[PDB]
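Chemist: Encoded as structure tokens, here's the structure I'll be asking about.
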There are 2 protein chains.
Amino acid sequence: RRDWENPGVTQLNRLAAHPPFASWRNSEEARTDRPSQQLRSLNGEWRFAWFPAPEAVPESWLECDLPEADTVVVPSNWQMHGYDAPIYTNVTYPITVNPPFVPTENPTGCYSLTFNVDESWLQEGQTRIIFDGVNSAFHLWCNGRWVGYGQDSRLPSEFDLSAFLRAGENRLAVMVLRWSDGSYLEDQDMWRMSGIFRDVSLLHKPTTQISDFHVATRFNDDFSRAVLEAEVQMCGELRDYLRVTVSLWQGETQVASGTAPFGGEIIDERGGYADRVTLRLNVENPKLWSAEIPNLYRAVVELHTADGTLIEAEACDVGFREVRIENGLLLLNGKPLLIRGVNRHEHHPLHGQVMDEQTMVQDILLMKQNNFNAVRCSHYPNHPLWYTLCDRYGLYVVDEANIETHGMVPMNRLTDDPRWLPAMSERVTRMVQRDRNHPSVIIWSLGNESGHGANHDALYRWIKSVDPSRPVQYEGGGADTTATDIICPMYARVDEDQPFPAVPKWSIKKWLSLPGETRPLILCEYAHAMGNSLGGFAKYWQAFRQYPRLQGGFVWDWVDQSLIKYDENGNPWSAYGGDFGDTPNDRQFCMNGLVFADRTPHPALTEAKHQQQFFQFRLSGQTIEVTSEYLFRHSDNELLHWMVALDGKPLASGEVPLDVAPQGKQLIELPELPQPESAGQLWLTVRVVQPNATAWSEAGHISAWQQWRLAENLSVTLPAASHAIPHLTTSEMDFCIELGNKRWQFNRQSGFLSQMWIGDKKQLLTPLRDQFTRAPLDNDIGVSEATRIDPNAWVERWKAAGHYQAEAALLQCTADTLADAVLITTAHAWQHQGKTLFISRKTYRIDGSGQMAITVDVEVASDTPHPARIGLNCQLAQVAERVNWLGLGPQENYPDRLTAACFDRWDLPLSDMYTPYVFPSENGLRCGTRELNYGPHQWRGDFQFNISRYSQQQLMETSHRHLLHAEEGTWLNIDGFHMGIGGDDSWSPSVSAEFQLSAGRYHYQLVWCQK
Amino acid sequence: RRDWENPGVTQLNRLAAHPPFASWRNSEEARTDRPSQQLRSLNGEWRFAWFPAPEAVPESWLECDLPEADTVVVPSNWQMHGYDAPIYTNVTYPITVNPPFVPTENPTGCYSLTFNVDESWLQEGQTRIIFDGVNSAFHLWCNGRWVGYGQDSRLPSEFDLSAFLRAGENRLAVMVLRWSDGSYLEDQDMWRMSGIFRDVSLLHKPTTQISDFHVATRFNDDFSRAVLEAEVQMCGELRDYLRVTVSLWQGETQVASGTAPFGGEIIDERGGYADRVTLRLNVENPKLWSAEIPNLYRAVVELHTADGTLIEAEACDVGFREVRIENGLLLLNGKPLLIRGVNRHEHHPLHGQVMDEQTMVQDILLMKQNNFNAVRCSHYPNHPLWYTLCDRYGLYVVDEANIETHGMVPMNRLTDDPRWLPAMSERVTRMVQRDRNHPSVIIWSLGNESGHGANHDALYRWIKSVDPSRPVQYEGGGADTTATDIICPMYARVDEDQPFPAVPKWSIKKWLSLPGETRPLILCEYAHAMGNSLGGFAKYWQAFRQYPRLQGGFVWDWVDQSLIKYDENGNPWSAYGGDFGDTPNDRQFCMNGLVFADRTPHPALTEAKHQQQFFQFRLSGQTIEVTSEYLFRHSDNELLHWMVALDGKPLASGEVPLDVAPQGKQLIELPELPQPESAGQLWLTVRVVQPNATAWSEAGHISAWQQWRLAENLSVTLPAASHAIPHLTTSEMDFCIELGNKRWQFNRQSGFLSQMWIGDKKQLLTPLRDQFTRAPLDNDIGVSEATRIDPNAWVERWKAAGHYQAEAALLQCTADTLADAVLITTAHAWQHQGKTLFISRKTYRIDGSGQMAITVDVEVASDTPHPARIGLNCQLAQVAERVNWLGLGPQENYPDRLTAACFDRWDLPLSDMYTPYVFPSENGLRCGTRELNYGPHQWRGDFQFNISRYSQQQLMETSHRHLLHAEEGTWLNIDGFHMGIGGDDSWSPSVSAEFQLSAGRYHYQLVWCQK
């Protein structure tokens, strides 16, 4: 029999799902969550062998381990050890589509563990083994005797070893298969790997047990009285002296308690359950749970006797909150939620898909510090410690079933087939049976990207039947199906519509206004941050804040899924799909996160932080309206620090303590602000600072900020008459301008500034030319490769029009001396295959004071695709350690993503000016720049600059950041106009028309001097 | 592995469910439903062995059959052959309740078949084997090689034998187990048996196949234009030249056709199914299908090539009807249905649960002739020929899934467990996949008596998701759960409420009026006809006709489930639970049908026929309002025959042709009716006669009848002065009265009429005494046995009060001669343990003309339970061949069940006066009797008489009808007052207060003479 090739068999001799059990024998040890000695961890050094097929495994492995097998640590994935190549694929299945049959070449991992069991465990009670996760299917042997079979990969599999274990030395043998019929339900967009990637534990229970318990909370309209209903299910012999005690604790203080004997209410004509008992505990003025204030209680269920002798104890964490939907609005504790969620994949920086507590805690801290209040367990149930840490730290959790058949054509082939109805149920129901006691979990999810079938509807309303306390959602079928209470499309745009046949993604504002539609909209996936991305996030959050039924969404996604490889010298470097020999692969589409693999923040994280602030600011006159977006907490750990700056020079500042009610308004009256008579723009900047240290933040954390323009003083002063005039000399090929120390040289053949001299030091390695092309971004490329070309992609439209190939032709290059200046007029045109795309007309005025003023007028054809860039390009010959600039910063910003950057004077190291994206592209641009100082050079005007050690040509050719080599000198790109980056999705043109260079005529002025 | 003890494994290598396939290779052979040679019947002589356990089966059976094995016919049940004892149980499981484990003693039947397969079948195509039903689980071997495993019992199991079959001699070996884990879902109230009880077939298909097809009909508001949507699914290689033709035929006339290549509409983001194709055929003025006019079309689906070469053809029957629910009303074709349904168990008279076409046709004819328009497939899917015969003959079908866990405590133990969610789905989904193309099936059913769980809800709304064309219902959980569109309680009463805890059965009129309730009410089970039963049916149908949302119900049930045993002389006799050694058993609760096991009608069938007439009559003045209850047919084969009778003597009659629109009204004006001056009551009787022969009825069938009282002539004449006076002689112990030939003798010790003499022939074997007790009915006993006594049962209240034990005490017995008569006054009292229950005072007047007038006054105590009877009892010494009576008849009727019997003069054989109920009880009563003639004796008055050869004492002692022996003479019971029989249920007191003898004082007069 081949159980891995049959969807009707998903388990053999596997125990029922339940909430996590520690099997305490002391109620005080359960209350404080002390470790239980009845639970043993089998994590550690296991013996491992690899085989190309399960049939190649010798049967002598069932008796003793092979001498040729290696020692590995469990949990791990054997693709991170050299036994296989991890396979990255987005939509296409990594195997031949032929359900439910897998290829004969099925990689097999044979794990073995030799251990000992105490004799007290064997005399009484039941001993079970728990596998928290095995990818994908596995067969279990205990002492050479077959125990059972498991198929699911993200839910624990539990087997009874009481009749298998022996005193002394015991050997457990697990045969794990890479591919199974369940892998057809596991088409998630991640790295496909395999192995025992989660914890292995051994649990000992008494003869009579606490088999299950369900804890629910019911409230009134005011949330001042609460009823905790705890229903307890036992296994074993029914005895009249058996009693249960349900105790609720806040810290060390008992709040409520209840003791009843076994026996339930009459339900049917035959009676009720004799092995179940329900307890109703009344709580007066409970402390409600939320993402703002995570108030937690400890619920201890003690199965004992009438004498008071404790048999067993099970403890859990209970949060008094109630999540429901009324009037098309999702309410938690009676208040409409605004979801600031993010999609999270379980990707360890070093160990692949093996998750520990440290990475969970770090990820939670960076999400909470960046104003994220929710998280999506995508696309599978997570590690049960993740949920507990979410309850402790206060994050909303959307628990999603491990179902995805994105590679099926059509996508609902398996979900409409009743033959796959059992197996899918085993991936849904058990999940609920594991996670219905966590208050962090507020929304159940059927899965992702599986079309719409009747199995989805059946499992959906099954969850509605068993657990009415949580709303449940599903994307497939167009996000309007009967299988969702919450509208959750992926990558739907704010204003424009994209009507695909029979699954149209209408705009969210239009979607809410459709005839007969009532449900709230929370985006399951939006704002694809794949590389240099996340443009239009301000539009998304403006729509969220303006519309009551637009309640936020989940950003895709948190962390890049890149794997560490090593070069010839052993230096580590991040790698993506296709770097391990896996073919076919979706090349860099595994990196969509807001942080790097080592949890280094991207510049997009600052924009996400600014757009998700819980404090909104409105400057009117000289007063500030501060509006809270907290729903349950008072502003008790926040103060407003304001400052006024004249062109980056501070003038006045102050600190005001914030006292704002939840979703309330506060007025702050600033003192008499300075009124300078010096030229420049006055900027008012406010920041919200937390003085005390929270469990997730440190003392002085900035949670919100805002900037406005105050009164402006335009400069009307005139420069003094420079005593020296520039000498202009005309050669047969060059124009040479002297000002004593400073010498400019223009080449009359190319028409560009050939060379600059200060003393005898050359300053330009390449001439100052025009640039209308950038290194293509991940949003620009989309899903277009060399083999398959997408004509809608921006990079393909640019290279089809010859933007990367067009050659500059010199139309005019004249020079003439003025009274106190030398005037250089140039005029070029860029042509491709006889078609003129761009025409540049520049005027260089060299004054006697030393400044060189460049006026640039660019004509762009309307029929050619809109250029990504209009500016200048040169390579300086000097590498300076510091870069100074008066402008927006200090992070990377773009025309469609700049609301987070503040206008000030920023000084940064040169290496900080380059964003180390794994896939090289355009990066490091700083918008709104009024002044730029680098070495001896100073540039003034209004421009967007990026300064780096890598040319745009090198950034275009190179596919990995570790292959980049620093070039001689420093590459500078000053641009009059720059095009937005997009970010609605990464397979369609996402740049809005307001951020496209579509005017046709552009003008910009620069001043180049030596400070 | 023990697959029969694991709910996660319900099949192994079993093919998907589909509508029935014949695999035609000629479209004309498919259109006419000619037999297909690609389908072979394996029914016939198989080799069979019996084993106490599957482990006791030798493996040599896998190679060749055992020499000790017998030859049986397939299909059959081996409990009908002596290998096992069939077990009857109602609620208690026949095995130890320990799911999913069955006892080690599991009876095993090993079937073997040796056959041959043509070599043309092996060269090309796929050969499969179909088991239409195997009870319960089975393992299959072909030529000694294991093929698969099946678990379901009422749905076909199909296995692929293409890679197993060989040229020449092939052997198939089936191991069938009596008990499995699926038997926990098979707790239906029937005879538990086992074996291959349905057909076994072998089907041959090509390489490319028609795997499935779904046919649906969509209408407009008028039902004049129809769209037939036929969706076709194929298996095999996808070729561009493959085409499908969907042809619709009415007789030999093609109505519509459509041809399209394979390829469907775009459904998801990945596209659509390339192996599916949908055809939309427009039909102009279709002939709608209903139970009144079953208009059928033949739909032929031909998979062929572009050249026109036919590959394969599949044909089905299509009825254009649309069943929906609006405004809380169930509409078929826009008209509100009034269900006249009945519950049917598949019980063959001789072969147990093996159903053939003859029994189906006969059952359908008796249902349609008795005004039944619907049937419930309870509690399991039926034989696929049953549905086809229902479409041909026009019966509505409620298809019910094979799920019932009535023995679980609580009843929803398995249906709330997600672990049983897969298996239950395999019993639901596949059923739909077999029966969604039959227009006879109008209502889907999840099952019966399983409580309410989340699995019921999930499967319910799964059926809603796949098949919206039919409403779907479920009883469990109190019949108000979210798992029903149609309210279907069992045995809910018309007016009185019975509030069980958490599952109350409120009265239907009150149920419809509950706050927030909207759905229509159709009773799934009502009017329990267990033996002498079905009282209050008139109340049920009055409630159905008065209330628009009360749309009828299903009577439980059609046929008695009794098995034929043989005595010492080989004479067959019907037997019930406990007659085969099965213990525990529910003794005669298997016989609840309206017909006997040999399809002999019970007297209750006449009442069912009269209460379900499609014609209602209202007499006003001398005109008759005839109202049709047909919804789709015109009265084209009906005429009204009226007659007027004076005390059973016909006077005038006539025949009027009926011309009534559907649910219309017609006035019939009778001619000048006779006006007799003779004494007596005039009765007007109307009958609806069908002159022509329908497919289900014969020429002259009576479908409805009604009777009214016309003007009455009270008798004021005086009897003549008799010349002779009776001589009265007083003895020391007797009173003797002479009238020449006729001599009466009263015993002065007992006070009763001791003897009657005509000539020298004695006429009484026992004296004429009072009787206040009857042989207890099945409704009177209820669920009370000798071991467990139910105090609420009527028989236990009667025997606890001493009604069957009370002794008559003589208070007064006097005699005195009158002028022309002799007057005998008697007065008794019945006492038990010093408590007087009844007091009888009789007056016997013996006139000189010959008549003996008896006036009886009975006083009944109020605190004692109300007697079932108040009348006289005697045993005549003469057995006459004929019984004549002027009164209601000619069938058995009772005070609460008499609306079907007509008042006339009926002459019947004596053997016809005894109803042969299998469990003996009170029977043969005739109500409203004005005159009774038997031998030389004549009785006049108003009384209820039953005349038989068996005493009430013998009917009480004896438990089987074959043990009854005819006594000397003839037992006669003339009763002044009789108590109703009940029939709302058979476990509670169902007799209404208006039919109980609760007045306290009663009076009746009789006249005894010699005609």
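Each chain in the structure tokens gets a letter, A, B, ..., in the order shown, and its residues are numbered from 1; ligands are numbered from 1 in order too.
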Could you please write out, as a PyMOL selection string, every residue of segment 199-266 of chain B that DSSP assigns to strand (DSSP E)?
Modeler: chain B and resi 200-205+209-219+225-235+242-250+253-261
Chemist: Take the selection from the previous step and output its residues with C-alpha atoms, as an mmCIF file, in the first residue's frame.
Modeler:
```cif
data_model
loop_
_atom_site.group_PDB
_atom_site.id
_atom_site.type_symbol
_atom_site.label_atom_id
_atom_site.label_comp_id
_atom_site.auth_asym_id
_atom_site.auth_seq_id
_atom_site.Cartn_x
_atom_site.Cartn_y
_atom_site.Cartn_z
ATOM 1 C CA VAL B 200 -23.324 -7.209 -9.089
ATOM 2 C CA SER B 201 -22.431 -6.013 -12.585
ATOM 3 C CA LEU B 202 -19.439 -5.783 -14.918
ATOM 4 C CA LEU B 203 -19.105 -2.676 -17.099
ATOM 5 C CA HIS B 204 -16.794 -2.085 -20.075
ATOM 6 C CA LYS B 205 -15.926 1.479 -21.184
ATOM 7 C CA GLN B 209 -14.999 7.924 -21.324
ATOM 8 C CA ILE B 210 -18.018 9.913 -20.231
ATOM 9 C CA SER B 211 -17.094 10.098 -16.556
ATOM 10 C CA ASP B 212 -20.075 12.167 -15.399
ATOM 11 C CA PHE B 213 -22.941 14.358 -16.546
ATOM 12 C CA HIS B 214 -25.246 16.760 -14.705
ATOM 13 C CA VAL B 215 -28.596 17.791 -16.203
ATOM 14 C CA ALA B 216 -30.515 20.776 -14.825
ATOM 15 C CA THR B 217 -33.578 22.705 -15.997
ATOM 16 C CA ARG B 218 -34.163 26.456 -15.662
ATOM 17 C CA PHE B 219 -37.512 28.145 -16.311
ATOM 18 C CA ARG B 225 -39.483 28.407 -22.156
ATOM 19 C CA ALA B 226 -36.912 26.080 -20.608
ATOM 20 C CA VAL B 227 -33.119 25.874 -20.624
ATOM 21 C CA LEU B 228 -31.639 22.395 -20.230
ATOM 22 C CA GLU B 229 -28.044 22.715 -19.005
ATOM 23 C CA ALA B 230 -26.085 19.477 -19.462
ATOM 24 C CA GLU B 231 -22.528 19.538 -18.101
ATOM 25 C CA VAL B 232 -20.358 16.630 -19.251
ATOM 26 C CA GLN B 233 -17.117 15.450 -17.614
ATOM 27 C CA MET B 234 -14.759 13.058 -19.407
ATOM 28 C CA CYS B 235 -11.788 10.926 -18.414
ATOM 29 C CA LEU B 242 -13.508 14.957 -29.342
ATOM 30 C CA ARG B 243 -17.059 16.311 -29.450
ATOM 31 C CA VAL B 244 -20.232 15.800 -27.425
ATOM 32 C CA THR B 245 -23.817 15.780 -28.668
ATOM 33 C CA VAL B 246 -26.683 16.288 -26.212
ATOM 34 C CA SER B 247 -29.979 15.241 -27.794
ATOM 35 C CA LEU B 248 -33.405 15.616 -26.181
ATOM 36 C CA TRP B 249 -36.212 13.327 -27.348
ATOM 37 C CA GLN B 250 -39.940 13.121 -26.665
ATOM 38 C CA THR B 253 -39.415 13.142 -31.915
ATOM 39 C CA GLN B 254 -36.234 15.141 -31.372
ATOM 40 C CA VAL B 255 -36.988 18.377 -29.518
ATOM 41 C CA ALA B 256 -33.576 20.038 -29.159
ATOM 42 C CA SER B 257 -29.922 19.221 -29.738
ATOM 43 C CA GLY B 258 -26.503 20.737 -29.162
ATOM 44 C CA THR B 259 -22.919 19.924 -30.148
ATOM 45 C CA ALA B 260 -19.816 21.579 -28.706
ATOM 46 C CA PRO B 261 -16.140 20.643 -28.353
#
```
Chemist: With a distance cut-off of 7 Å and only C-alpha atoms, select the neighbouring residues of segment 77-90 of chain A, excluding the residue or stretch itself and same-chain residues fewer than 3 positions from it, and output the selection as a list in words.
Modeler: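 The residues satisfying every condition are residues 50, 94, 189, 190, 191, 192, 193, 194, 195, 196, 197, 577, 580, 581, 582, 585 and 586 of chain A.
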Chemist: Could the residues in this selection be written to a file with N, CA and C atoms, as a PDB file, in the first residue's frame?
Modeler:
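Below is the file part_11.pdb, written as the result:
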```
ATOM      1  N   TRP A  50      19.610   9.410   4.016  1.00  0.00           N
ATOM      2  CA  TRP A  50      18.876   9.921   2.865  1.00  0.00           C
ATOM      3  C   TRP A  50      18.810   8.852   1.785  1.00  0.00           C
ATOM      4  N   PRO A  94       5.987  21.791  -7.900  1.00  0.00           N
ATOM      5  CA  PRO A  94       7.364  21.309  -8.084  1.00  0.00           C
ATOM      6  C   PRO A  94       7.434  19.883  -8.608  1.00  0.00           C
ATOM      7  N   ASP A 189       3.460  29.777  -1.682  1.00  0.00           N
ATOM      8  CA  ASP A 189       4.578  30.492  -2.292  1.00  0.00           C
ATOM      9  C   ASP A 189       5.673  30.617  -1.240  1.00  0.00           C
ATOM     10  N   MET A 190       6.463  29.556  -1.092  1.00  0.00           N
ATOM     11  CA  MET A 190       7.607  29.581  -0.192  1.00  0.00           C
ATOM     12  C   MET A 190       8.665  28.641  -0.745  1.00  0.00           C
ATOM     13  N   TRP A 191       9.739  28.487   0.026  1.00  0.00           N
ATOM     14  CA  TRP A 191      10.715  27.444  -0.250  1.00  0.00           C
ATOM     15  C   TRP A 191      10.136  26.084   0.112  1.00  0.00           C
ATOM     16  N   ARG A 192      10.014  25.211  -0.882  1.00  0.00           N
ATOM     17  CA  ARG A 192       9.642  23.823  -0.665  1.00  0.00           C
ATOM     18  C   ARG A 192      10.861  23.085  -0.133  1.00  0.00           C
ATOM     19  N   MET A 193      10.760  22.643   1.119  1.00  0.00           N
ATOM     20  CA  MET A 193      11.750  21.818   1.791  1.00  0.00           C
ATOM     21  C   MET A 193      11.000  20.682   2.475  1.00  0.00           C
ATOM     22  N   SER A 194      11.718  19.891   3.269  1.00  0.00           N
ATOM     23  CA  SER A 194      11.119  18.721   3.894  1.00  0.00           C
ATOM     24  C   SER A 194      11.970  18.287   5.076  1.00  0.00           C
ATOM     25  N   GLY A 195      11.345  17.564   5.998  1.00  0.00           N
ATOM     26  CA  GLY A 195      12.003  17.044   7.172  1.00  0.00           C
ATOM     27  C   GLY A 195      11.159  17.282   8.404  1.00  0.00           C
ATOM     28  N   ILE A 196      11.709  16.905   9.557  1.00  0.00           N
ATOM     29  CA  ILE A 196      11.064  17.152  10.848  1.00  0.00           C
ATOM     30  C   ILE A 196      11.505  18.548  11.276  1.00  0.00           C
ATOM     31  N   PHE A 197      10.741  19.553  10.857  1.00  0.00           N
ATOM     32  CA  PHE A 197      11.115  20.948  11.042  1.00  0.00           C
ATOM     33  C   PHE A 197      10.516  21.576  12.294  1.00  0.00           C
ATOM     34  N   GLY A 577      15.569  31.823  -5.685  1.00  0.00           N
ATOM     35  CA  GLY A 577      15.231  30.703  -6.546  1.00  0.00           C
ATOM     36  C   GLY A 577      16.088  30.584  -7.790  1.00  0.00           C
ATOM     37  N   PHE A 580      20.081  27.106  -6.433  1.00  0.00           N
ATOM     38  CA  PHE A 580      20.345  25.790  -5.874  1.00  0.00           C
ATOM     39  C   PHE A 580      20.179  24.662  -6.880  1.00  0.00           C
ATOM     40  N   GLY A 581      19.972  24.971  -8.159  1.00  0.00           N
ATOM     41  CA  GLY A 581      19.743  23.959  -9.165  1.00  0.00           C
ATOM     42  C   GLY A 581      18.293  23.588  -9.379  1.00  0.00           C
ATOM     43  N   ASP A 582      17.374  24.159  -8.604  1.00  0.00           N
ATOM     44  CA  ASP A 582      15.954  23.888  -8.785  1.00  0.00           C
ATOM     45  C   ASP A 582      15.450  24.510 -10.083  1.00  0.00           C
ATOM     46  N   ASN A 585      11.902  27.541 -11.687  1.00  0.00           N
ATOM     47  CA  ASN A 585      11.887  28.366 -10.489  1.00  0.00           C
ATOM     48  C   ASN A 585      11.355  29.750 -10.831  1.00  0.00           C
ATOM     49  N   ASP A 586      10.796  30.406  -9.821  1.00  0.00           N
ATOM     50  CA  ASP A 586      10.343  31.791  -9.907  1.00  0.00           C
ATOM     51  C   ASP A 586      11.427  32.622  -9.226  1.00  0.00           C
TER      52      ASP A 586
END
```
Chemist: Write out as JSON, numbers by chain every residue belonging to chain A that has an atom at most 8 Å from any atom of chain B, counting only C-alpha atoms.
Modeler: {"A": [8, 9, 10, 11, 12, 16, 266, 267, 268, 269, 270, 271, 272, 273, 408, 409, 410, 411, 412, 413, 418, 419, 421, 422, 423, 425, 429, 451, 454, 455, 457, 458, 459, 461, 462, 465, 466, 477, 500, 501, 502, 503]}
Chemist: Tell me which of B:639, B:332, B:238, B:874 sits closest to residue 763 of chain B, counting only C-alpha atoms.
Modeler: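 Nearest candidate to residue 763 of chain B out of B:639, B:332, B:238, B:874: B:874.
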Chemist: Which is closer to residue 896 of chain B than all the others in B:537, B:138, B:735, B:844, using only C-alpha atoms?
Modeler: B:537
Chemist: Could you pull the residues within 6 Å of segment 957-968 of chain A, counting only C-alpha atoms, minus those fewer than 3 positions along the same chain, as a compact mmCIF listing (two decimals) with N, CA and C atoms, in the first residue's frame?
Modeler:
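As a result, result.txt now contains:
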```
# COMPACT_ATOMS: atom_id res chain seq x y z
N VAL A 918 18.97 42.65 -2.38
CA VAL A 918 19.60 41.42 -2.86
C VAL A 918 19.60 41.38 -4.38
N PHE A 919 18.46 41.69 -4.99
CA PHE A 919 18.41 41.88 -6.43
C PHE A 919 18.74 43.33 -6.73
N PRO A 920 19.84 43.62 -7.42
CA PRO A 920 20.22 45.02 -7.66
C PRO A 920 19.24 45.73 -8.57
N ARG A 949 28.47 53.85 -5.17
CA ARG A 949 29.71 53.38 -5.76
C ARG A 949 29.48 52.50 -6.98
N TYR A 950 28.23 52.23 -7.34
CA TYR A 950 27.88 51.34 -8.43
C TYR A 950 27.14 52.12 -9.50
N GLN A 954 26.01 48.73 -14.16
CA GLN A 954 26.37 47.59 -13.33
C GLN A 954 25.18 47.06 -12.55
```
Chemist: Between A:774, A:618, A:392, A:31, which one has atoms that come closest to residue 981 of chain A, using only C-alpha atoms?
Modeler: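 Using only C-alpha atoms, residue 981 of chain A sits closest to A:774.
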Chemist: Which neighbours of segment 157-164 of chain B fall inside 9 Å, counting only C-alpha atoms, when residues of the same chain fewer than 5 positions from it are skipped, and could you give them as a PyMOL selection string?
Modeler: chain B and resi 11+13-17+121-122+125-134+140+142-143+145+147-152
Chemist: Do a neighbour search on residue 403 of chain A at 6 Å with only C-alpha atoms, toss out local chain neighbours closer than 2 positions, and write the hits as a list in words.
Modeler: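 Skipping anything fewer than 2 positions along the chain leaves residues 185, 186, 401 and 447 of chain A.
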Chemist: Using only C-alpha atoms, find the one residue out of B:596, B:297, B:995, B:61 that sits nearest to residue 916 of chain B.
Modeler: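 Once distances to residue 916 of chain B are computed over only C-alpha atoms, the minimum belongs to B:596.
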